[PDB]
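Q: For reference, this is input-v4.cif, and it has mmCIF, C-alpha atoms.
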```
data_upload
loop_
_atom_site.label_atom_id
_atom_site.label_comp_id
_atom_site.auth_asym_id
_atom_site.auth_seq_id
_atom_site.Cartn_x
_atom_site.Cartn_y
_atom_site.Cartn_z
CA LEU W 25 26.95 12.14 72.40
CA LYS W 26 24.72 10.56 69.67
CA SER W 27 25.27 11.98 66.20
CA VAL W 28 23.10 13.42 63.41
CA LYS W 29 24.31 15.08 60.19
CA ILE W 30 22.18 17.50 58.13
CA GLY W 31 23.27 18.69 54.64
CA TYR W 32 22.05 22.06 53.30
CA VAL W 33 22.82 24.77 50.75
CA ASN W 34 23.26 28.30 52.16
CA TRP W 35 20.04 29.93 50.82
CA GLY W 36 18.15 31.94 53.44
CA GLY W 37 15.20 29.63 54.07
CA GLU W 38 17.24 26.40 54.04
CA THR W 39 19.93 27.85 56.32
CA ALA W 40 17.09 29.03 58.73
CA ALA W 41 15.45 25.57 58.76
CA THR W 42 18.74 23.71 59.09
CA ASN W 43 19.93 25.83 62.05
CA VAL W 44 16.52 25.43 63.73
CA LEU W 45 16.80 21.62 63.42
CA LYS W 46 20.38 21.78 64.64
CA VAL W 47 19.10 23.50 67.85
CA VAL W 48 16.26 20.95 68.22
CA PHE W 49 18.69 17.97 67.95
CA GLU W 50 21.13 19.63 70.39
CA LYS W 51 18.35 20.01 72.97
CA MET W 52 17.64 16.29 72.46
CA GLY W 53 21.31 15.55 73.38
CA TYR W 54 22.83 15.14 69.90
CA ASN W 55 26.07 16.32 68.54
CA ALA W 56 24.16 17.79 65.59
CA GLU W 57 26.48 18.71 62.73
CA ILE W 58 25.27 20.70 59.73
CA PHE W 59 27.12 20.85 56.45
CA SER W 60 26.93 23.70 53.94
CA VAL W 61 27.62 22.24 50.50
CA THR W 62 26.53 22.60 46.83
CA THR W 63 23.13 21.20 45.74
CA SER W 64 24.88 18.37 43.80
CA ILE W 65 27.01 17.41 46.83
CA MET W 66 24.05 17.54 49.21
CA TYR W 67 22.14 15.03 47.03
CA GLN W 68 25.30 12.88 46.49
CA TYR W 69 26.00 12.65 50.22
CA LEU W 70 22.45 11.82 51.08
CA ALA W 71 22.57 8.93 48.55
CA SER W 72 25.79 7.52 49.97
CA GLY W 73 24.59 8.08 53.58
CA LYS W 74 27.40 10.51 54.55
CA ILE W 75 24.67 12.81 55.85
CA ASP W 76 21.56 11.57 57.58
CA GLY W 77 19.06 14.00 56.09
CA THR W 78 18.24 17.26 54.31
CA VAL W 79 15.24 19.56 54.79
CA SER W 80 16.19 21.44 51.58
CA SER W 81 14.71 19.44 48.64
CA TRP W 82 12.69 21.62 46.20
CA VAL W 83 10.44 19.28 44.28
CA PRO W 84 9.34 18.19 41.83
CA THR W 85 10.53 20.97 39.50
CA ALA W 86 13.53 22.84 40.90
CA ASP W 87 15.56 19.77 41.86
CA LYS W 88 14.41 17.34 39.15
CA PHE W 89 17.91 17.05 37.66
CA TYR W 90 19.30 15.69 40.98
CA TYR W 91 16.29 13.89 42.48
CA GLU W 92 15.33 11.73 39.48
CA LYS W 93 18.89 10.47 39.24
CA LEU W 94 19.14 9.38 42.90
CA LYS W 95 15.64 8.68 44.22
CA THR W 96 16.38 4.94 44.70
CA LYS W 97 19.10 5.90 47.19
CA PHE W 98 17.15 8.05 49.67
CA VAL W 99 13.76 8.13 51.42
CA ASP W 100 11.43 11.04 50.67
CA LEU W 101 9.43 11.67 53.86
CA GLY W 102 7.03 14.26 52.40
CA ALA W 103 6.83 18.08 52.57
CA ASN W 104 8.16 20.19 55.43
CA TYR W 105 6.82 23.34 53.76
CA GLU W 106 4.06 23.81 51.12
CA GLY W 107 3.49 26.73 48.75
CA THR W 108 6.78 27.37 46.95
CA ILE W 109 6.97 29.19 43.64
CA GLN W 110 10.09 29.90 41.55
CA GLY W 111 10.14 32.13 38.49
CA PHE W 112 11.37 35.17 36.59
CA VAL W 113 11.07 38.36 38.63
CA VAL W 114 11.23 42.03 37.73
CA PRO W 115 10.51 45.25 39.69
CA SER W 116 6.84 46.10 39.40
CA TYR W 117 7.69 49.31 37.51
CA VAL W 118 8.83 47.13 34.53
CA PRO W 119 5.82 47.22 32.14
CA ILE W 120 5.70 43.57 31.01
CA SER W 121 3.61 40.72 32.43
CA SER W 122 5.00 37.60 30.74
CA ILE W 123 8.28 35.78 30.12
CA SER W 124 7.61 35.93 26.36
CA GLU W 125 7.41 39.77 26.47
CA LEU W 126 11.12 39.77 27.29
CA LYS W 127 11.81 38.97 23.59
CA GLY W 128 13.45 41.90 21.82
CA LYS W 129 13.78 43.87 25.07
CA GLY W 130 17.24 42.61 26.15
CA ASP W 131 18.82 46.08 25.79
CA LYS W 132 16.78 47.47 28.72
CA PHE W 133 18.26 44.74 30.94
CA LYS W 134 21.85 45.10 29.68
CA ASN W 135 21.30 41.63 28.07
CA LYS W 136 21.66 39.75 31.37
CA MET W 137 19.60 37.85 33.91
CA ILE W 138 21.28 38.12 37.29
CA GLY W 139 21.05 34.58 38.76
CA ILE W 140 22.15 32.67 41.88
CA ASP W 141 24.65 29.79 42.53
CA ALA W 142 25.64 27.63 39.53
CA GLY W 143 23.96 24.25 39.91
CA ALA W 144 21.10 25.40 42.16
CA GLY W 145 17.87 23.77 40.98
CA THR W 146 16.31 27.15 40.36
CA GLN W 147 19.36 28.20 38.30
CA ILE W 148 19.19 25.02 36.21
CA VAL W 149 15.45 25.43 35.47
CA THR W 150 15.90 29.15 34.73
CA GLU W 151 18.46 28.27 32.02
CA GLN W 152 16.01 25.66 30.66
CA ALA W 153 13.23 28.36 30.57
CA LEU W 154 15.52 30.85 28.76
CA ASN W 155 16.17 28.18 26.15
CA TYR W 156 12.55 27.13 25.85
CA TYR W 157 11.18 30.63 25.40
CA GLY W 158 13.91 31.43 22.83
CA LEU W 159 15.60 34.06 25.02
CA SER W 160 18.99 32.48 25.64
CA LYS W 161 20.84 34.32 22.84
CA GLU W 162 19.52 37.74 24.05
CA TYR W 163 19.80 37.25 27.84
CA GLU W 164 22.99 35.96 29.39
CA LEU W 165 22.20 34.12 32.60
CA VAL W 166 24.84 35.10 35.18
CA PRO W 167 25.71 32.80 38.02
CA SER W 168 26.58 34.38 41.40
CA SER W 169 24.73 33.73 44.69
CA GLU W 170 21.50 34.59 46.52
CA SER W 171 23.38 37.48 48.28
CA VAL W 172 24.82 39.00 45.08
CA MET W 173 21.47 38.56 43.22
CA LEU W 174 19.60 40.36 46.06
CA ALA W 175 22.19 43.15 46.34
CA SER W 176 21.86 43.69 42.55
CA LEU W 177 18.02 43.76 42.83
CA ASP W 178 18.29 46.27 45.73
CA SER W 179 20.70 48.42 43.65
CA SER W 180 18.65 48.40 40.45
CA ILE W 181 15.44 49.30 42.27
CA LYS W 182 17.09 52.28 44.06
CA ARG W 183 18.27 53.39 40.57
CA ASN W 184 14.86 52.69 39.06
CA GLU W 185 16.63 50.40 36.50
CA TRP W 186 15.23 47.27 34.84
CA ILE W 187 16.61 44.04 36.21
CA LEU W 188 15.56 40.41 35.66
CA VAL W 189 16.36 37.79 38.39
CA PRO W 190 15.18 34.29 39.24
CA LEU W 191 13.43 34.61 42.64
CA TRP W 192 11.10 32.43 44.66
CA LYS W 193 8.66 32.33 47.49
CA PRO W 194 8.85 32.12 50.43
CA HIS W 195 11.14 35.16 50.48
CA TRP W 196 11.04 38.51 52.33
CA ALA W 197 12.10 40.23 49.04
CA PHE W 198 8.38 40.26 48.05
CA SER W 199 7.49 42.34 51.08
CA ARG W 200 10.58 44.54 51.23
CA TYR W 201 10.50 45.36 47.48
CA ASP W 202 7.70 45.99 44.99
CA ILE W 203 8.48 43.12 42.63
CA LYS W 204 6.44 40.62 40.54
CA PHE W 205 6.70 37.24 38.88
CA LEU W 206 6.32 37.18 35.14
CA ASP W 207 3.72 34.82 33.68
CA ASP W 208 5.12 31.43 32.58
CA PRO W 209 2.54 30.21 29.98
CA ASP W 210 3.96 26.74 29.59
CA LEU W 211 4.84 26.32 33.31
CA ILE W 212 8.52 25.53 32.73
CA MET W 213 9.27 26.88 36.23
CA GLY W 214 6.56 24.64 37.77
CA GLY W 215 3.31 25.39 39.64
CA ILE W 216 3.10 25.87 43.41
CA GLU W 217 5.35 23.20 44.91
CA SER W 218 6.88 22.23 48.23
CA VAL W 219 10.15 21.64 50.09
CA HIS W 220 10.67 18.05 51.15
CA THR W 221 12.64 16.28 53.82
CA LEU W 222 14.80 13.41 52.57
CA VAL W 223 16.73 10.96 54.77
CA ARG W 224 19.34 8.29 54.02
CA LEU W 225 18.29 4.64 53.43
CA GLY W 226 19.25 3.24 56.87
CA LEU W 227 18.13 6.07 59.16
CA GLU W 228 14.74 4.67 60.21
CA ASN W 229 16.46 1.47 61.38
CA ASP W 230 19.54 3.14 62.94
CA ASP W 231 18.22 6.11 64.84
CA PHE W 232 14.48 6.22 65.11
CA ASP W 233 14.48 9.38 67.23
CA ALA W 234 16.39 11.29 64.51
CA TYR W 235 14.12 9.79 61.82
CA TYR W 236 11.07 10.92 63.81
CA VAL W 237 12.25 14.56 63.90
CA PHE W 238 12.95 14.58 60.14
CA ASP W 239 9.53 12.93 59.60
CA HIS W 240 7.66 15.51 61.76
CA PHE W 241 9.42 18.78 60.91
CA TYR W 242 6.87 21.12 59.26
CA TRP W 243 6.40 24.86 59.20
CA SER W 244 4.74 27.80 57.47
CA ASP W 245 5.23 31.42 56.31
CA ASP W 246 4.37 32.95 59.66
CA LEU W 247 7.42 31.18 61.22
CA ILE W 248 9.95 31.04 58.34
CA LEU W 249 9.48 34.57 56.89
CA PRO W 250 10.20 36.52 60.08
CA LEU W 251 13.23 34.31 60.70
CA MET W 252 14.63 34.64 57.13
CA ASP W 253 14.06 38.44 57.38
CA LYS W 254 15.73 38.71 60.84
CA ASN W 255 18.76 36.64 59.64
CA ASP W 256 19.13 38.94 56.62
CA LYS W 257 19.13 41.99 58.93
CA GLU W 258 21.52 40.28 61.39
CA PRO W 259 24.21 38.69 59.23
CA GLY W 260 26.17 35.85 60.86
CA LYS W 261 23.61 35.34 63.66
CA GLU W 262 21.66 32.40 62.13
CA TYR W 263 22.54 29.95 64.88
CA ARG W 264 21.81 32.37 67.76
CA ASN W 265 18.53 33.35 66.01
CA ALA W 266 17.63 29.64 65.70
CA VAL W 267 18.23 29.22 69.44
CA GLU W 268 15.81 32.17 70.04
CA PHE W 269 13.27 30.72 67.52
CA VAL W 270 13.18 27.38 69.39
CA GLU W 271 12.70 29.17 72.77
CA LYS W 272 9.93 31.40 71.32
CA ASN W 273 8.01 28.66 69.47
CA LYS W 274 8.02 25.90 72.10
CA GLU W 275 4.65 24.31 71.27
CA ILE W 276 5.28 23.93 67.53
CA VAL W 277 8.80 22.58 68.15
CA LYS W 278 7.31 20.08 70.57
CA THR W 279 5.24 18.64 67.74
CA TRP W 280 8.41 17.64 65.90
CA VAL W 281 9.93 15.55 68.66
CA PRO W 282 9.16 12.15 70.24
CA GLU W 283 6.97 12.18 73.37
CA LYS W 284 10.01 11.29 75.52
CA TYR W 285 11.75 14.63 74.65
CA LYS W 286 8.87 17.12 74.62
CA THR W 287 9.46 18.49 78.12
CA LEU W 288 13.09 19.39 77.22
CA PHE W 289 11.51 22.25 75.24
CA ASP W 290 9.51 23.69 78.15
#
```
Could I get this file's structure written as structure tokens?
A:
Amino acid sequence: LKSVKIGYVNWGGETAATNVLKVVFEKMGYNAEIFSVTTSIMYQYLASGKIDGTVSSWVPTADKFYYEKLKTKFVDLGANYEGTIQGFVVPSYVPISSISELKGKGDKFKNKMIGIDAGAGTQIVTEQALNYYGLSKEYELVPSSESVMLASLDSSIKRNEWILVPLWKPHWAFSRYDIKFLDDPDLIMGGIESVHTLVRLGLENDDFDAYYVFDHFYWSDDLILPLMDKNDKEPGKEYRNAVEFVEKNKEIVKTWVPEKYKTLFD
């Protein structure tokens, strides 16, 4: 069978998207392999062509550190999703509105910001924001993972305790919990951005059908949020739930594939 390789990092939305594309390529007759790696390795592998594509690039702000360094070694096809935001998040019952109001209040947070995976773009920029706003001596930024960060948020809110986390949209946490972004006066965390699809240098030449799918993949909150939420409630079922997603959203999926293949999704 023909081959395509997709790199991703195991955050909820990117794992949802990557498993959906895996299912799409399988239905087109590919041995579609997906590879769960670190952000750094995903970008490295893309640049050396050891994967064919990623649908996980958060730009320009979150992934600046990786993207700027390697942009001559991949092709940026545009956005597959528009409307991202990353930033500092607290439960709504915490009575501050801005990142600067955190100054002097470290004690209420046990002097910690409960973060995600070391090296994630959002984690990098969060550390840069803590430095910029003069908070880094008072708040220790803790690396862990999306799962640990969300379990800690869930725990703190049930206790009615203050907690500070880096969070982002799109995420079901904003509908499941009453939480808020803090204001970011100098926009260190970026404005509203997008997730892009990047492919290796030779892909357009080598496998135009695979290029076409990467080039046409696009979706929105009404598809990704229910899927991210369902996957969270059904741990370990992301591939099965992607199979169901592709069956349930035939017409949209059709738009991502060359004419030749569209009836395979009927």
Q: Could you list the residues chosen by the PyMOL selection byres ((chain W and resi 194-207) around 6) in this structure as number ranges by chain?
A: W: 112-116, 121-123, 193, 208, 253
Q: Need the shell around residue 174 of chain W: protein/DNA/RNA residues with any atom at most 9 Å away, counting all atoms listed in the file. Skip same-chain ones fewer than 4 positions apart. Format as a ChimeraX atom specification?
A: /W:169-170,178-179,189,197
Q: Please evaluate the PyMOL selection byres ((chain W and resi 36-53) around 9) against the structure above and give the resulting residues as an MDAnalysis selection string.
A: chainID W and resid 25:35 54:58 60 78:80 170 194:195 234 237:238 241 248:249 251:253 255:256 262:267 269:270 277 280:281 285 288:289
Q: Return the single residue from W:88, W:95, W:132, W:161 that is closest to residue 149 of chain W, with distances computed using only C-alpha atoms.
A: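 Checking each of W:88, W:95, W:132, W:161 against residue 149 of chain W, counting only C-alpha atoms, the winner is W:88.
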Q: Which residues are close to segment 105-110 of chain W, i.e. within 6 Å by all atoms listed in the file, leaving aside same-chain residues fewer than 4 positions away? Reply as a list in words.
A: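 Answer for this query is residues 191, 192, 193, 216, 217, 218, 219, 242 and 243 of chain W.
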Q: Starting from the incomplete input, reconstruct N, CA and C atoms of segment 123-140 of chain W and report them as a short mmCIF file (atom, residue, chain, number, x, y, z; two decimals), in the coordinates of the input.
A:
```cif
data_model
loop_
_atom_site.label_atom_id
_atom_site.label_comp_id
_atom_site.auth_asym_id
_atom_site.auth_seq_id
_atom_site.Cartn_x
_atom_site.Cartn_y
_atom_site.Cartn_z
N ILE W 123 6.94 36.13 30.51
CA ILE W 123 8.28 35.78 30.12
C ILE W 123 8.46 36.02 28.61
N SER W 124 7.45 35.71 27.80
CA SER W 124 7.61 35.93 26.36
C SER W 124 7.78 37.41 25.96
N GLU W 125 7.28 38.33 26.79
CA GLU W 125 7.41 39.77 26.47
C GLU W 125 8.84 40.27 26.65
N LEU W 126 9.72 39.42 27.18
CA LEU W 126 11.12 39.77 27.29
C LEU W 126 11.80 39.79 25.90
N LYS W 127 11.20 39.11 24.93
CA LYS W 127 11.81 38.97 23.59
C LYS W 127 11.96 40.34 22.95
N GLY W 128 13.17 40.64 22.47
CA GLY W 128 13.45 41.90 21.82
C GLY W 128 13.75 43.05 22.77
N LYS W 129 13.63 42.81 24.08
CA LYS W 129 13.78 43.87 25.07
C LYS W 129 15.07 43.76 25.88
N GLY W 130 15.99 42.90 25.42
CA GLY W 130 17.24 42.61 26.15
C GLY W 130 18.09 43.83 26.52
N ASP W 131 18.10 44.81 25.61
CA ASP W 131 18.82 46.08 25.79
C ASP W 131 18.48 46.79 27.10
N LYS W 132 17.20 46.78 27.49
CA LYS W 132 16.78 47.47 28.72
C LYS W 132 17.32 46.77 29.98
N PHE W 133 17.73 45.52 29.82
CA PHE W 133 18.26 44.74 30.94
C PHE W 133 19.76 44.56 30.88
N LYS W 134 20.43 45.33 30.01
CA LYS W 134 21.85 45.10 29.68
C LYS W 134 22.14 43.63 29.26
N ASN W 135 21.18 43.01 28.58
CA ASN W 135 21.30 41.63 28.07
C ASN W 135 21.73 40.56 29.06
N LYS W 136 21.24 40.66 30.31
CA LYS W 136 21.66 39.75 31.37
C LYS W 136 20.47 39.44 32.27
N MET W 137 20.47 38.23 32.81
CA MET W 137 19.60 37.85 33.91
C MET W 137 20.53 37.50 35.06
N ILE W 138 20.39 38.24 36.14
CA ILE W 138 21.28 38.12 37.29
C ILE W 138 20.81 36.97 38.17
N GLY W 139 21.51 35.83 38.11
CA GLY W 139 21.05 34.58 38.76
C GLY W 139 21.73 34.29 40.09
N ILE W 140 21.60 33.07 40.58
CA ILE W 140 22.15 32.67 41.88
C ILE W 140 23.29 31.64 41.65
#
```
